[PDB]
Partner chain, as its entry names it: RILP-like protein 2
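One chain comes next, on its own, written out as structure tokens in the form deposited without the partner chain.
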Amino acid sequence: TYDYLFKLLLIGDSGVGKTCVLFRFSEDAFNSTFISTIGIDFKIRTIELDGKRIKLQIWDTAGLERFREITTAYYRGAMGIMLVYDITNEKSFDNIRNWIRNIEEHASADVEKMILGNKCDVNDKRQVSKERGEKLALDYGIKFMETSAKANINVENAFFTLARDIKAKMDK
């Protein structure tokens, strides 16, 4: 079985790497061919924290605008949300502010939030400095990490940290 079940959501503009982050976390693999998510998808992985078994039910939203009705319906049950942008795409970083408004208008007001700056293996095409990502997350009081699904950087750490913070809030 499991001791806790945490429903998690990945949100962010299309193309930032939500599906590849989840594929790395659930299957420890990376595919370079862009296959945009249609509607929604999910993966399930159970981790251990403090000797407790935490089942992570992770919903991978479709970032394309025409799927917003489906994304919105998945906000209510969520306990933690990854807000993903692409360090090579300034617009996806700008839009983190709008994804935050979306979360706070629909999700439970207590939902745990974390910002991921993905594709940090592509330093040659970086547009969003790490300093600016840290500052935005500081402005919102949110944790922040740069990740790479391709090189498997901070993917484990992002999900384990988010789960730990959800568990800490529950255990208090």
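Positions refer to the first chain, counted from 1.
Comparing the deposited coordinates for 87-95 and 69-77, the stretch with the larger average C-alpha B-factor is 69-77. Mean CA temperature factor is higher for 160-168 when stretches 160-168 and 14-22 are set side by side in the entry. Taking the deposited Cα B-factors for 146, 28, 121, 131, the highest one is held by 28.
Within the selection 136, 116, 38, 111, the deposited Cα B-factor values reach their highest point at 111.
In the PDB entry, residue 53 places in the highest third of its chain by CA B-factor. Sort the modelled residues of the chain by CA B factor and residue 106 lands in the highest third.
There is another form of this protein, the form deposited with the partner chain bound, and it is not shown here; the text below is about that form.
For a residue to qualify, one of its non-hydrogen atoms must sit within 4.5 Å of the partner chain in the entry with it bound; all three of 38, 66 and 74 qualify. Of the heavy atoms in residue 144, none are within 4.5 Å of the partner chain in the entry with it bound. The partner chain is not drawn, but in the entry with it bound it has no heavy atom within 4.5 Å of residue 132. Taking the partner from elsewhere, residue 44 is found to have a heavy atom lying within 4.5 Å of the partner chain in the entry with it bound.
The partner chain in the entry with it bound comes within 4.5 Å of a heavy atom belonging to residue 70.
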